[PDB]
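Visitor:
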Amino acid sequence: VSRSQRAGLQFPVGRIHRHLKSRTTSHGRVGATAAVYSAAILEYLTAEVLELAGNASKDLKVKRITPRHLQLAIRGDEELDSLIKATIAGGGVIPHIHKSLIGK
Amino acid sequence: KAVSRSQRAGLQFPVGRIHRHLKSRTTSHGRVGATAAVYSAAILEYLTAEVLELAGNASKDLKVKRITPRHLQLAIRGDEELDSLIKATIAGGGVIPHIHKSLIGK
Amino acid sequence: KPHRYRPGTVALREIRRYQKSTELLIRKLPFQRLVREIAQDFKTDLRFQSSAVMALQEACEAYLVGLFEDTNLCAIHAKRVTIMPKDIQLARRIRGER
Amino acid sequence: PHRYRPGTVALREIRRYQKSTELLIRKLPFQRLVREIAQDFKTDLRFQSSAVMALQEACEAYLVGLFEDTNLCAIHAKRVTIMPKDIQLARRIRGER
Amino acid sequence: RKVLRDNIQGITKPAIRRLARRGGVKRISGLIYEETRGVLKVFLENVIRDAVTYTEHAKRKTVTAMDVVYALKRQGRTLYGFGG
Amino acid sequence: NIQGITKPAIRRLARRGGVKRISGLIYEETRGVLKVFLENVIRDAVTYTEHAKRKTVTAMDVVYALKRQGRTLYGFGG
Amino acid sequence: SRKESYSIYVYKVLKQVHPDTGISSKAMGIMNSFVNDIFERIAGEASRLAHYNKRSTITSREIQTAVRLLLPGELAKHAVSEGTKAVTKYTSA
Amino acid sequence: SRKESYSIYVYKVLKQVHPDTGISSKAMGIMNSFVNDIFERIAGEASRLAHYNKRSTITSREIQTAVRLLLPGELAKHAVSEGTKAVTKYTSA
DNA sequence: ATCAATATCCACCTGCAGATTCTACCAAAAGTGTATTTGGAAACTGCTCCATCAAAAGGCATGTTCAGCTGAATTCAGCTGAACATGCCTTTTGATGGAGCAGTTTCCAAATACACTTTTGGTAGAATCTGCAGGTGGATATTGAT
DNA sequence: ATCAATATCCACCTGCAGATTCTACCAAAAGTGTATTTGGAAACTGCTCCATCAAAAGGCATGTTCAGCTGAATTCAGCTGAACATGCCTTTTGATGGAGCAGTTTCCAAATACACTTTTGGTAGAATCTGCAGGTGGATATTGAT
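Protein chains in written order, with PDB author numbering: chain G, 17 to 120; chain C, 15 to 120; chain E, 37 to 134; chain A, 38 to 134; chain F, 19 to 102; chain B, 25 to 102; chain H, 32 to 124; chain D, 32 to 124.
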């Protein structure tokens with residue numbers, strides 16, 4: 017019967033709503049579906065990151081996604097890189113050395 | 015009789031209106047204390063005063079009686095703290111005159 | 037005589053001049069037209085408060101002017117005096133824009 | 038005997054460290070500095086180890102990025118060595134000044 | 019009405035030069051004016067894209083100065099003097 | 025204490041940042057910068073601590089501070 | 032003494048897109064910070080939108096416009112799709 | 032339909048500092064933008080502070096911390112003074 | 001580009017422990033079901049304000065010429081910063097405590113939200129008041145050629 | 001050094017667009033006396049934090065040697081700035097119609113607000129495991145030198 021099930025999402029529509037009722041100022045309300053919509057958004061973007069990161073880990077012969085993988089997935093992707101100007105702790109940087117700095 | 019809360023606080027800025035704007039921001043789903051409106055009105059007034067002080071001076075320096083955006087810009091870019099606080103763009107403010115040494119004739 | 041200012045004297049006059057003033061530097065009508073053309077390529081049948089066009093011109097001119105200041109720094113850093121696309125790119129990159 | 042030409046070990050280190058994710062500042066000196074800086078704002082403070090680690094991560098991320106922009110400024114100037122004027126230019130364009 | 023095209027060239031070389039002058043620039047390579055146009059288009063696009071998104075959200079056909087002010091705030095290019 | 029932030033560690037940071045050759049004056053410069061960074065962040069953090077009437081700077085204090093400095097960090101509570 | 036986290040749901044989504052792949056605690060941490068960040072951004076923009084238009088309810092329309100505003104195109108297209116799908120399916124049953 | 036402003040109060044404060052000096056409409060416009068801006072920021076930081084400490088209400092204490100973040104150095108010290116003072120004045124009925 | 005040697009890096013495979021993933025019972029949200037409350041959508045419409053048109057005039061943009069000096073290329077040597085092996089201290093680690101103190105309760109006054117009835121203060125205009133934009137003309141530079 | 005050529009001032013002048021000031025009610029402020037909470041205030045648990053300690057092993061600080069980078073000096077092709085002729089198109093003044101905001105109403109569909117009944121996610125305990133970090137030994141890379 018859960019709204020997450022009804023919406024066909026893994027993410028918690030109910031919790032998302034309970035969190036949204038703390039953003040509507042005073043005298044503020046939240047649509048029945050805003051919770052569903054946001055839940056969907058969060059789930060989708062989580063899926064996108066998790067996919068790219070799992071790829072980075074398969075291409076690295078490991079089973080567990082680490083933060084390095086998360087970093088490689090984010091920075092390796094134009095859109096994710098654009099959206100996530102956070103700092104992934106323990107992700108390091110992407111290897112890159114400038115042309116003019118190499119020998120001969 | 016009725017004393018306004020601004021008067022009650024020794025302020026020119028509107029404590030009531032500001033309390034209303036804080037109720038409507040807001041919390042969310044929460045409440046605003048009696049003093050928060052006062053403290054806010056006081057900060058806003060103080061800063062309007064700091065700005066108007068510096069601007070007014072600039073207006074004097076250019077032998078004019080009436081503050082324009084240019085003046086506001088001179089005052090804000092001229093003061094380290096206002097300049098840090100205010101990274102807005104002031105429509106009509108121009109820039110502060112500045113040329114680099116290297117550009118100037120030898 | 038005839039009479040010529042040496043190359044760079046007028047340029048400095050213009051820096052002083054425009055640094056002194058605050059009026060918009062891009063001609064108003066062409067700018068409006070650019071705005072309407074860009075907006076149109078996003079949503080047809082759009083209208084603009086004149087105010088909105090002006091807000092945009094202010095924002096844009098402020099933006100270009102600051103950008104040129106940064107660019108001018110990159111030129112100087114390169115021990116030059118002529119700004120080049122190189123510089124604008126260096127500034128925008130460091131500004132984290134591109 | 039045997040000796041590497043200047044630049045070679047450097048490039049080798051660049052490869053190595055760009056490969057790893059480890060903190061490059063030693064933990065204790067860093068903690069010590071954090072504590073001393075903080076002492077000047079509020080006295081007798083304690084720190085979650087997570088807070089010190091957050092600080093160190095935030096720092097090293099910051100210094101690494103800043104070094105990137107700095108290196109770019111040195112390359113603008115047709116150099117290969119970064120100098121304080123490079124860090125200065127970088128920080129200015131960033132609006133940290 | 020009438021087809022709008024190439025209005026970026028409305029941003030004349032002398033206007034760009036003026037802008038660099040306020041920006042404190044003494045000397046300008048011939049390749050600046052096109053670069054600048056490039057940059058201006060991107061700037062304008064982004065702001066306008068957001069502004070219109072606000073227009074559309076409000077079910078309006080007219081882009082208000084407020085739309086541009088919100089747009090600008092989003093882009094972290096906050097503007098004073100139109101916000102009211 | 026700041027001098028405790030050693031030359032070879034700053035070397036390491038530069039290296040990860042793709043730097044090949046380092047000027048002698050870079051280390052003092054880097055220290056100064058790092059000090060301003062830590063000052064700006066800690067000040068804010070501790071302000072959150074004191075507001076929460078605590079004697080202990082939490083990681084969340086640092087995360088909130090970092091977020092305010094537009095230096096958002098992932099992995100410690102947000 | 033409870034402390035809610037998106038860990039469970041992240042893990043679930045992981046198992047859908049990569050049933051073979053696991054996740055470290057630090058990584059799971061990043062994922063949390065990610066979800067919280069984006070949630071706060073969306074929520075913020077949505078409340079702002081409703082304000083601008085003198086509304087009191089945050090509807091899915093605020094959420095959607097906010098998504099257009101926050102997410103770079105393509106991520107935004109797909110996010111819009113997912114959202115509308117979730118909502119239709121939710122409104123049918 | 033009346034739309035509010037800060038013009039009346041900016042103007043008062045103006046006459047207080049420079050009683051000889053006027054302000055042009057565009058300048059007043061900037062001033063209004065300035066005030067609404069700093070109000071926004073203070074309110075925002077305050078609501079966040081309240082959130083972080085499981086508190087449902089925003090008090091002068093919130094505003095004060097908000098002002099300590101936000102405002103640099105001397106501005107902050109003086110602001111705190113003026114606020115604290117207005118508040119103690121307001122309480123002593 | 002080879003002939004050598006010194007070191008670096010790279011794959012394959014290995015074995016345990018620090019981290020996982022897996023399992024198992026109690027509070028605190030999440031769903032149901034009923035009864036108001038209310039926001040803001042649908043519908044007339046008053047009425048700013050936007051797009052368009054017209055037309056005249058000079059402020060500018062455009063284009064060309066011509067040569068000054070700037071960027072870019074080259075060479076070069078002083079000296080800085082890298083590589084390195086040498087010698088030692090400070091960071092790192094890891095069980096112990098002790099204890100400071102974040103977090104969790106369990107509780108009444110202070111403090112906030114309400115909900116109605118007056119009592120102003122601010123706002124949208126009219127209506128007076130004046131800065132100053134913008135046009136002068138000679139005093140004082142400021143430049144650049146002999 | 002000069003003067004010659006221009007540009008830059010700086011101050012005086014004055015009616016006009018733009019302020020500052022005078023005037024009428026609606027919305028919003030203040031004063032009421034109900035109502036509800038909330039957060040602070042104490043008194044105590046447990047985590048997790050500081051502080052020694054007592055060391056191996058790192059990792060840093062040191063002084064040598066010199067390779068190679070930076071910067072300084074010097075040339076020059078030609079890009080870009082200054083000036084000029086020419087005339088387009090932006091600017092400025094004004095009016096027109098009508099699109100479209102935006103101010104009002106009326107009021108279903110959707111939201112809140114309870115009060116219950118279940119359900120699930122957080123916790124702190126168990127049962128595997130991924131892969132770190134360490135082995136070869138095998139090519140690779142780098143640097144001196146046919």
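C-beta: ideal position from N, C-alpha, C; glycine also.
Within 8 Å, do at least three Cβ pairs link the segment 38–54 of chain C to the segment 80–93 of chain D?
Guide: Yes, they touch.
Visitor: Between the alpha carbons of F/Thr-73 and F/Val-81, how many angstroms are there, rounded?
Guide: Locating residue 73 of chain F in the fifth sequence gives position 55, where the first residue counts as 1. Locating residue 81 of chain F in the fifth sequence gives position 63, where the first residue counts as 1. When rounded, the distance between both Cα atoms is 6 Å.
Visitor: I want to see whether chain E comes within less than 8 Å of C/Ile-100, judged by CB atoms only; does it?
Guide: Here residue 100 of chain C is taken as the residue at index 86 of the second sequence, counted from 1. C/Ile-100 does not count as touching chain E.
Visitor: Report the CB separation of C/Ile-81 from D/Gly-53 in whole angstroms; it is logged as a contact under 8 Å.
Guide: As a first step, residue 81 of chain C must be located in the second sequence, where it is residue number 67. As a first step, residue 53 of chain D must be located in the eighth sequence, where it is residue number 22. Confirmed, Cβ separation roughly 7 Å.
Visitor: Pick out the complete alpha helix (DSSP H) segments inside the segment 34–99 of chain G, 4 residues or longer, and give them in chain order.
Guide: Runs found: 50–74, 83–91 and 94–99.
Visitor: Cβ closer than 8 Å: which chain B residues qualify as neighbours of A/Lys-115?
Guide: To locate residue 115 of chain A, count along the fourth sequence from 1; it is residue 78. The contacting residues do not exist; A/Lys-115 stays about 13 Å from chain B at best.
Visitor: Would the segment 28–38 of chain F count as touching the segment 58–78 of chain E if we require 3 or more Cβ pairs under 8 Å?
Guide: With a cut-off of 8 Å, the segment 58–78 of chain E and the segment 28–38 of chain F count as touching, because enough Cβ pairs lie within range.
Visitor: With a threshold of 8 Å between beta-carbons, can A/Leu-82 be considered close to chain B, or not?
Guide: Numbered from its first residue, the fourth sequence carries residue 82 of chain A at position 45. So, interface residue.
Visitor: Let me see if you follow: with CB-CB separation under 8 Å, is H/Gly-75 close to chain B or not?
Guide: Start at 1 with the first residue of the seventh sequence, and residue 75 of chain H comes out as number 44. No, H/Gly-75 lies away from the interface with chain B (no Cβ there is under 8 Å from its Cβ).
Visitor: Name the DSSP bridge partner or partners of E/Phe-84?
Guide: Position 48 of the third sequence, counting from 1, holds the residue named residue 84 of chain E. E/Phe-84 is bridged to F/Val-81.
Visitor: Which of helix, strand or coil does DSSP assign to B/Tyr-72?
Guide: Here residue 72 of chain B refers to the residue found at position 48 of the sixth sequence. The answer is helix: DSSP assigns B/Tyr-72 an H, G or I state.
Visitor: What does DSSP give as the partner residue(s) for G/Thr-103 in the beta ladder?
Guide: The residue labelled residue 103 of chain G in the question sits at position 87 within the first sequence. B/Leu-97, per the DSSP bridge assignment.
Visitor: Can you find a C-beta in chain B that's less than 8 Å from the C-beta of D/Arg-99?
Guide: Within the eighth sequence, residue 99 of chain D is the residue found at index 68, counting from 1. By this cut-off, D/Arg-99 is an interface position.
Visitor: Can you tell me which of G/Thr-62, G/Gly-92, G/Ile-104 and G/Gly-119 puts its alpha carbon nearest to the alpha carbon of H/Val-66?
Guide: Taking the first residue of the seventh sequence as position 1, residue 66 of chain H is located at position 35. Ranking G/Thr-62, G/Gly-92, G/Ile-104 and G/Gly-119 by Cα distance to H/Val-66 puts G/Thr-62 first.
Visitor: Given a cut-off of 8 Å, decide if D/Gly-60 and F/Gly-99 are closer than it, judged by their beta-carbon atoms.
Guide: The residue given as residue 99 of chain F occupies position 81 in the fifth sequence. The residue given as residue 60 of chain D occupies position 29 in the eighth sequence. Yes; because the gap between Cβ atoms is below 8 Å, this pair is in contact.
Visitor: CB-CB under 8 Å to E/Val-89, same chain, minus the five flanking residues each way: which ones, in chain order?
Guide: Looking up residue 89 of chain E in the third sequence gives position 53. Within the same chain, E/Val-89 has close Cβ partners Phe-67, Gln-68 and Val-71.
Visitor: Can you have a look at G/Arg-34 and say buried or exposed, based on whether 16 or more other CB atoms are within 10 angstroms of its CB?
Guide: Here residue 34 of chain G is taken as the residue at index 18 of the first sequence, counted from 1. Flag for G/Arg-34 reads exposed.
Visitor: Verify the CB distance criterion: does H/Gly-60 have a CB-CB separation below 8 Å to chain B?
Guide: Locating residue 60 of chain H in the seventh sequence gives position 29, where the first residue counts as 1. So, interface residue.
Visitor: Where does the unbroken alpha helix (DSSP H) through H/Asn-63 begin, and where does it stop?
Guide: One-based indexing of the seventh sequence puts residue 63 of chain H at position 32. Note, H/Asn-63: alpha helix (DSSP H), 56–83.
Visitor: Can you list the alpha helix (DSSP H) stretches of 4 or more residues lying completely in the segment 64–128 of chain A, in chain order?
Guide: Correct list: 64–76 and 86–113.
Visitor: Take every Cβ of the segment 53–73 of chain G, pair it with every Cβ of the segment 51–60 of chain C, and state whether three or more of those distances are shorter than 8 Å.
Guide: Counting Cβ pairs under 8 Å, fewer than three are found: no touch.
Visitor: Checking 8 Å against the spacing of the C-beta atoms, do E/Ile-119 and F/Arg-45 come in under that value?
Guide: Within the third sequence, numbered from 1, the residue matching residue 119 of chain E stands at position 83. Within the fifth sequence, numbered from 1, the residue matching residue 45 of chain F stands at position 27. In contact: E/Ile-119 and F/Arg-45 (Cβ atoms closer than 8 Å).
Visitor: What's the gap between the Cα of F/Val-57 and the Cα of A/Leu-100?
Guide: Taking the first residue of the fifth sequence as position 1, residue 57 of chain F is located at position 39. Taking the first residue of the fourth sequence as position 1, residue 100 of chain A is located at position 63. If you take the alpha carbons of F/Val-57 and A/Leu-100, they lie about 29 Å apart.
Visitor: Identify every residue that forms a DSSP beta bridge with D/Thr-88.
Guide: Here the question's residue 88 of chain D lines up with position 57 in the eighth sequence. BP columns for D/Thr-88 point to C/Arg-45.
Visitor: Can you find a C-beta in chain C that's less than 8 Å from the C-beta of D/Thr-96?
Guide: Indexing the eighth sequence from 1 puts residue 96 of chain D at position 65. It does not; no Cβ of chain C falls within 8 Å.
Visitor: Based on Cα-Cα distance, which residue from C/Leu-99, C/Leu-117, C/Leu-66 and C/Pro-111 lies nearest to E/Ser-57?
Guide: The sequence position of residue 57 of chain E within the third sequence is 21, counting from 1. Residue C/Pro-111 is the option with its Cα nearest to E/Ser-57.
Visitor: At the level of alpha carbons, what is the spacing between C/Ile-118 and E/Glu-50?
Guide: In the second sequence, counting from the first residue as 1, residue 118 of chain C sits at position 104. In the third sequence, counting from the first residue as 1, residue 50 of chain E sits at position 14. Their Cα atoms are separated by approximately 13 Å.
Visitor: Considering only C-alpha positions, which residue in the set F/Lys-20, F/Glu-52, F/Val-60 and F/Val-21 is nearest to F/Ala-33?
Guide: Counting from 1 along the fifth sequence, the entry for residue 33 of chain F is found at position 15. Minimum Cα distance to F/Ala-33 is reached at F/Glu-52.
Visitor: Please tell me whether F/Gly-102 has its Cβ less than 8 Å away from any Cβ of chain C.
Guide: For the purposes of this step, residue 102 of chain F is taken as the residue at position 84 of the fifth sequence. Cβ-Cβ to chain C under 8 Å: no for F/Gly-102.
Visitor: How far does the alpha helix (DSSP H) with H/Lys-120 in it extend, from its first residue to its last?
Guide: Residue numbering aside, residue 120 of chain H sits at position 89 when the seventh sequence is read from its first letter. Note, H/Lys-120: alpha helix (DSSP H), 106–123.
Visitor: Looking only at its own chain, which residues have a Cβ that is under 7 Å from the Cβ of D/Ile-89, when we skip the five neighbours before and after it?
Guide: Taking the eighth sequence and counting its residues from 1, one reaches residue 89 of chain D at position 58. Once the five neighbours on either side are set aside, the close Cβ partners of D/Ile-89 are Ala-77, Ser-78 and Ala-81.
Visitor: Going by DSSP, what residue range makes up the alpha helix (DSSP H) through F/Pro-32?
Guide: For the purposes of this step, residue 32 of chain F is taken as the residue at position 14 of the fifth sequence. From DSSP, the alpha helix (DSSP H) with F/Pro-32 extends over 31–40.
Visitor: In chain G, what lies closer than 8 Å to H/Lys-85 by C-beta?
Guide: Here residue 85 of chain H is taken as the residue at index 54 of the seventh sequence, counted from 1. Neighbours of H/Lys-85 on chain G: none; closest Cβ ~12 Å, over 8 Å.
Visitor: Is H/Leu-45 near G/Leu-66, with beta carbons less than 8 Å apart?
Guide: Translated into the one-based positions of the seventh sequence, residue 45 of chain H becomes position 14. Translated into the one-based positions of the first sequence, residue 66 of chain G becomes position 50. Yes, the Cβ-Cβ distance between H/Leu-45 and G/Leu-66 is below 8 Å.
Visitor: On a CA-only basis, which of E/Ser-87, E/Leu-82, E/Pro-38 and E/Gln-55 is nearest F/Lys-77? Give me that one, please.
Guide: The residue given as residue 77 of chain F occupies position 59 in the fifth sequence. Of the listed residues, the one whose Cα sits closest to F/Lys-77 is E/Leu-82.
Visitor: Report the residues of the segment 22–54 of chain G with a CB closer than 7 Å to any CB of chain C, ordered along the chain.
Guide: The segment 22–54 of chain G vs chain C, Cβ under 7 Å: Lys-37, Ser-38, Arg-39, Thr-40, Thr-41, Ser-42 and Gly-44.
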